[PDB]
Every structure is written in C-alpha cells, then in structure tokens.
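A short worksheet on the structure shown next.
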Protein chains: 2
Amino acid sequence: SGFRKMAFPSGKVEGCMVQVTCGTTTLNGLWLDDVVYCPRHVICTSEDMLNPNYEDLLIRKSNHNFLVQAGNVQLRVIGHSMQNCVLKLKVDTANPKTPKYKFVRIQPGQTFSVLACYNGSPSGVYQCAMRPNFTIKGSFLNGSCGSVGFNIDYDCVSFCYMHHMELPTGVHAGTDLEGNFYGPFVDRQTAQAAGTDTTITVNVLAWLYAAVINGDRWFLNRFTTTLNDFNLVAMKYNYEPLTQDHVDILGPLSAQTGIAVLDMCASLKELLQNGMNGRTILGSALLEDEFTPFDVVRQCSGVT
Amino acid sequence: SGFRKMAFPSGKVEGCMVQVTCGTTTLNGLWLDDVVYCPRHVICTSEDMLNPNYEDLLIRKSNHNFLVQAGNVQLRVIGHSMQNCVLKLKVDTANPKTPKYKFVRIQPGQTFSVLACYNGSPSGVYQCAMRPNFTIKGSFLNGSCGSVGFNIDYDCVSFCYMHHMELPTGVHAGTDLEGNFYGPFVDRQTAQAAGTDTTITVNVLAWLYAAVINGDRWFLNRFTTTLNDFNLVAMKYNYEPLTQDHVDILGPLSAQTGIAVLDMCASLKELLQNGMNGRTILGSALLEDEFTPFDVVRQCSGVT
Ligand SMILES: CC(=O)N1CCN(CC(=O)Nc2cnccc2C2CC2)CC1
Ligand SMILES: CC(=O)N1CCN(CC(=O)Nc2cnccc2C2CC2)CC1
C-alpha cells in the first residue's frame, strides 16, 4: 500500500550522460553507441540565442571544437551533424554502458522520468508529464540542457525528451531525440508564451483508482454520468475531454476496483464542483494528473 | 527554475540489490562488500509473523538455506548472523559494484530516496522523509521488504533505511542498516499504532523559501512573529516546534532571498490560519514538508 510519485530507476541513463562543451558553453549530452546527442544551442553565445542562424553558426565549428568528456576521460569526436534541433556528435568509442534503447515521441498526458544533470553528472531524478500545451514543469537550472526524459520497459530505455529551453514563465520546452520540439517552441530566446495548461483527465481518473486501491475512498459518491455530461463539466474546469479511448484504457482499473469508469467520472465531477473541503486524496489537496493509467497499474502491481 | 520532489540518482544503489529467499519467502537484500543485509523476517512463515522468536527460528536455518541471487547468478553464502532486526549474510564474493558507503541513522524530518525493489530488481525511485512519528509514507507491496533508503554526498551513499513492515494503517516502518527500527515498531504482525504525524515545520519553511526563489511569492505578507508566538500557532496546527537550531539551518535561504526567517514564519502562520483560499504554492495545495533546507539549497544550486 501507499502511492508515490515514482520515477524509473535511473542507472541505465546515468551510464549514458556526458559533458559537452563548445567554446564557452557547457551542457549535457546523451552517449548511445558511438553517437553523443545534445542541444544544438551548445554552439551559441548568449547574444546568438536572440536570433540564431544555426546552419551559419555551425559552419564555424569543427569536430575538435566539441569537447565531450565521459567521467574524467575525453572522447574523440570524428563527425558532427545537425538533425533538427539536436547535434549528433559521432565519437570513436561506443558507449560500453549503452542500454537497449529506442527513441520515441510521446503524446501530451504521457509521463516520463527526467535525470537532471549538470556538467554531464546526474543531480537527481523526478517524474513529470508532457503537458497538454507541450511544456513540461521540470526543475532545470543553467547547465541542465541536454538532460533527458525516458521510460523503461524492463531492460529497454525509451528516450522521449531532451531539455532545451526555459520559457519566460518558468515552464520548460524540449525535443524528442530526433531533435523535433514538442509543441510550437523554438530554440531561440524570444517571446514564446504557452497555451492553456489543462488537466489530464484520464490521469486524474487513474489516480482516483489508485486512491481507492490504497484505501482513500471518501470521494466515492452515489452518482454516475455520461461522457457527454462529464465533458461539459470538464470543459468548464479546463480539463481535457475524456474519450471512449480513455474509458477503454481505464478498463483494467475499473475491473480491479469494481467501480465503473463513468461512476468514477461522476465522483470527479463532484470533486470539481464541490472542491476538496480541506480533505486530501493520497496526501494531495489537488487532483493529481501526472500518473497515467499504465503508471497506476505498474505501481499497484510491482513491475520491475 | 521549477522545483520538483527529486530523488537521488539510483544507479549506485541498483548495483547493490539482490534477491534473498529463505524457504518460501523472497525479499530484497543489499549487497555491500561481501555481506548481504536483509530483514530477519525472511526466515518467517505467515504464521511465524504473529509471534516470532527470531533466535529460535534462526537455529533451524543454515547458510545453504539462504538463497542469494544477483541478477541471474547465485552467490555462495559462507556465514550468517543476526544484528538486531537484520540478517547479515556473508558471501564468498565482494560486490564489484560496491559504492563508497556509510550507514547512518537519520533523525525525524530528514529526507531520503527509496529504491523500491521486487525480487532483487529495482521498480522505481521516490523521495520521502522520516516522519516525526518514525513512520515513512512509502509505496511498498508484498515482496518490497529489504528495499533501502539512502542519501548521496557526491560519490558516497549513506544508507539510512531498510524496509520491513507495513502497519495496519498503511504507513511503513523499518530499520537503519544496523537493524534498529526507527521508532517503537517491531517486526511482528501485531497492533502497532502510529503516533501523531505532525508537520515538519523547518521543511515547510525551506519549501516556502524555494517557492520565493522560483517566483511563487503571493503568500509573503507584511508581518513578522517570534519563535514563541509562532510555536503557539504551530502547536495548534500539529506542526513541530521550531527551534533556534532550525532558524540557524535556514540562514542561507534567508540570506539568498532577503526574507528573515521569522518573517517567513509569519507568512506560514497566516497560511495556517487563513488557508490557501484555492491557491497553490509550487503546484501544491498543501504545505509540503518533505524537502529539508539542505534539499532546497541543493536543488536550487544544482549539486551533482
Ligand atoms: C548561451 C546562452 O545564453 N544560453 C543557451 C541557451 N539557453 C536556453 C535556456 O532556456 N536554457 C535553460 C534551460 N533551463 C533552465 C535554465 C536555462 C538557462 C538560464 C537560461 C539559455 C542560455
Ligand atoms: C511471511 C509473511 O507473512 N510476511 C513477512 C513479513 N511481512 C511484513 C510486512 O508488513 N510486509 C510488507 C511490507 N510492506 C508492504 C507490504 C507488506 C506485506 C503485505 C504484508 C508480512 C508478510
């Protein structure tokens, strides 16, 4: 029993972190096989960030201008290329600790673990979600760029995020490992406002199921609703619309607890309208939305 | 910017996890040098847990009755001894991945990371605190016993907790790595009720400083208080008394933000009396107390 915001064990990713320096800028890189991936803004000065022409700035850089250090040992860079907003630095040595891996592009609402790093060294691990506005609410200071987000399926690490930017509002933006930004964000120091950060409804319902499984049941009510009625309330509260696909995904939690998905929707509808009244659910005074239905099943079953 | 509940990178601890089986019970063990540490209740049947005589039950066990498996390879047990509530299984092979380590006994209010494991395999990592009633609010299912809590200081892992029990109320109890339980708990399936789970005041203040550093400043008020006046309110709200030692520990955060510790106490006093009014601080609707002042400085500075 008990339910925690839990990150994946970070060891497999720690073995991939390296430091990348270009000129006066140092950030993190991800070393997989003989390639080091890092944000292309490693080539920029503070001034360059205002309106960078990456293709032009990159012409002035050679392989020897990218300093890659793994622990206290220097890697030899034998090639470099830009793919979208990431640089791929080909090195002469395959990372001996390369785990089984995939590069995946996640959808909003999906959760992942971040291994926050500085100077190629891991500082901490935390769990977050791709927000519906394509930002993430992370914990990143200057030097954390190139830190990555990932999920693990037994022994395969699916990398889904690489940190690039902090928006003027303190929220974060980054790319998948092919260098494509999530959402409309760009690697330029300019006005980039985020859209509405709506609540991930299917994750809230999954978390209410985790609460019932772990004994917190006070919010269960005598009501039911329909998808259309629920969605009218969800729209009003800036919650994402719930679809039949989401109801299907919640099926195993509904089966385990015996609480129909639409009945849990009705409980959530009353929590939205009435509030918590100073009460808590799984130690929280707000409805948590950074646990997917898969995370709830995984934690409640004990998948290693 | 941004502030997350962050655990230490778990890799150094993942390299120490092993599976320990005795008869029909399988749990986790911690392999450091040539010793495997695990809860002594690995020797108990479900019936034994009701009123176990560990010294008597242990007489019926020999070295060959303890099966230790590291990955898919079996370790040879050449000695076994009980130290308080843990067994120390001497093996013929030193763990090649043994990090620099210490065994420490933490005080209530101190935080640590847990690497939750099943069958010697890591499932996730999360952050928690030793509650003032000596319980921890973890996420542990059957098979998680022997999972450990730790802190890291650069390259040295200080192990502070080993999981042993889930109380009838769903909260958790365990020992330090010398096998001494935190608090009054025992490794027996009997009535063990926890005391008052008070809020760790100095951690709440540290977290309010993290909020100011990260832009959430709405709760800062025009008031101050004294330790004695603050403590009268803290007692009423089931918060731990704040001491001059706590004020001293908050000194660096006070210096960084320019907000005197007693002024932050006055802001906290108004939050306790007035509530949040539907507002949030660092994405939370309740006052978070599982960040120590050291955790706040570490995260806000980027220690690796
Ligand atoms: C060379 C340069 O001025 N750069 C290179 C691009 N970066 C982009 C950027 O947003 N990085 C960043 C990401 N997360 C947290 C914090 C920061 C930094 C304090 C801003 C800004 C700094
Ligand atoms: C042999 C036996 O019956 N044991 C051995 C001692 N254990 C003690 C115990 O509290 N373990 C435990 C810890 N955390 C979460 C969950 C559990 C278990 C479901 C109870 C109980 C089970």
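With label points set 7 Å from Cα along Cα→Cβ, the inter-copy distances at B:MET49 are 5.3 nm, sorted shortest first. The sum of -39500 (n - 2.57) across all DSSP H runs of n ≥ 4, divided by the residue count of chain B, sets its helix-only mean residue ellipticity at 222 nm to -6500 deg cm²/dmol. To the nearest 10 degrees, how steeply does helix B:201-213 sit against the main Cα axis of chain B, on a 0 to 90 scale? That works out to roughly 60 degrees. Note on B:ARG76 and A:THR280: the model spin-label points, each 7 Å out from Cα along the C-beta direction, lie 5.1 nm apart.
Normalised by residue count, chain A yields a Cα convex hull volume of 132 Å³ per residue.
Whole number please: convex hull volume per residue of the Cα set in the protein assembly as shown, in Å³?
Working: hull volume 96.3 nm³, N = 608.
Taking the convex hull of the Cα positions in the protein assembly as shown, it is 158 Å³ per residue.
For the range A:15-99, the share of alpha carbon pairs falling in successive 10 Å distance bins from zero is 19, 56, 22, 4 percent.
Given an 8 Å cut-off on Cα distances and at least 6 residues of separation, report the relative contact order of chain A as a percent.
On the way: 609 pairs, mean separation 52.4, N = 304.
Taking the mean separation of contacting Cα pairs over the length of chain A, I get 17 percent.
Sorted shortest first, the separations between the A:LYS97 label point and its copies elsewhere in the assembly read 1.0 nm; each point sits 7 Å from Cα along the Cα-to-Cβ line.
I want the local charge near A:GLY11. Using Cβ-Cβ distances under 14 Å, sum +1 for each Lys or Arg and -1 for each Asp or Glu among the other residues. Summing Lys/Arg as +1 and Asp/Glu as -1 gives +2.
Starting from the Cα-Cα distance between B:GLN256 and B:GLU178, subtract it from 0.36 nm times their residue separation and give me the gain in nm to one decimal. It would help to have the intermediate numbers written out before the result.
Details: separation 78, 0.36 × 78 = 28.08 nm, distance 3.83 nm.
Answer, rounded to one decimal: 24.2 nm.
With R₀ fixed at 35 Å, the C-beta to C-beta distance from B:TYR154 to A:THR45 puts the FRET efficiency at about 0.65. Here A:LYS102 is the anchor, and the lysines within straight C-alpha reach of less than 17 Å, apart from those fewer than 8 places off in the same chain, are A:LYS12, A:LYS88.
Close amide-amide hydrogen proximity is noted between B:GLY124 and B:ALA116, each under 5 Å apart and 5 or more residues distant or on a separate chain (H modeled in the peptide plane; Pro and chain starts excluded). The residue list A:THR26, A:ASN95, A:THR45 was ranked by how far each Cα lies along the charge dipole of the range A:15-99 toward its positive end, using unit charges on Cβ atoms, and A:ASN95 comes out on top.
Please find the FRET efficiency linking A:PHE294 to A:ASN228, where r is the Cβ-Cβ separation and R0 is fixed at 25 Å, and quote it to the nearest 0.05. Numbers along the way, then the final one.
On the way: r = 26 Å, r/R0 = 1.04.
Once the sixth-power term is evaluated, E becomes 0.45.
Sorted shortest first, the distances from the B:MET235 label point to those of the same residue in the other copies are 5.5 nm; each point sits 7 Å from Cα along Cα-to-Cβ.
Compute the convex hull volume of the Cα atoms of the range B:215-271, divide it by the residue count, and report the result per residue in Å³ as a whole number. Can you show the working numbers first?
Details: hull volume 4.7 nm³, N = 57.
Dividing the Cα hull volume of the range B:215-271 by its residues yields 82 Å³.
Between A:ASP92, A:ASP245, A:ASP197, which gets the highest mean-square fluctuation from a Gaussian network model of chain A, Cα cutoff 10 Å? Highest fluctuation among the options: A:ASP245. Placing pseudo-labels 7 Å out from each Cα toward the beta carbon at A:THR24 and A:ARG60 gives an inter-label distance of 1.2 nm.
Would any residue of the range A:102-143 have its amide N under 15 Å from a label point 7 Å out along Cα→Cβ of A:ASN84? List them or say none. From the range A:102-143, the list is A:102-108, A:134-135. Counting only residues at least eight positions apart within a chain, or on another chain, the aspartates and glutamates with an alpha carbon under 14 Å from that of B:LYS97 are B:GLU14, B:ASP33, B:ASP34, B:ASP155.
The range B:197-275 and the range A:159-230 have Cα centres lying 31 Å from one another. The alpha-carbon atoms of the range A:158-304, seen along their principal axes, cover 52, 38, 30 angstrom, with the largest extent given first.
Here the gap between B:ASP248 and B:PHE103, fully extended at 0.36 nm per residue and compared with their Cα-Cα distance, gives a gain of 49.6 nm.
Taken together, the values in this text are just the output of simple stated rules run on the coordinates, not laboratory data. Note that each Cβ is placed from the backbone with ideal geometry, even for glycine, and that neighbours are counted across all protein chains shown.
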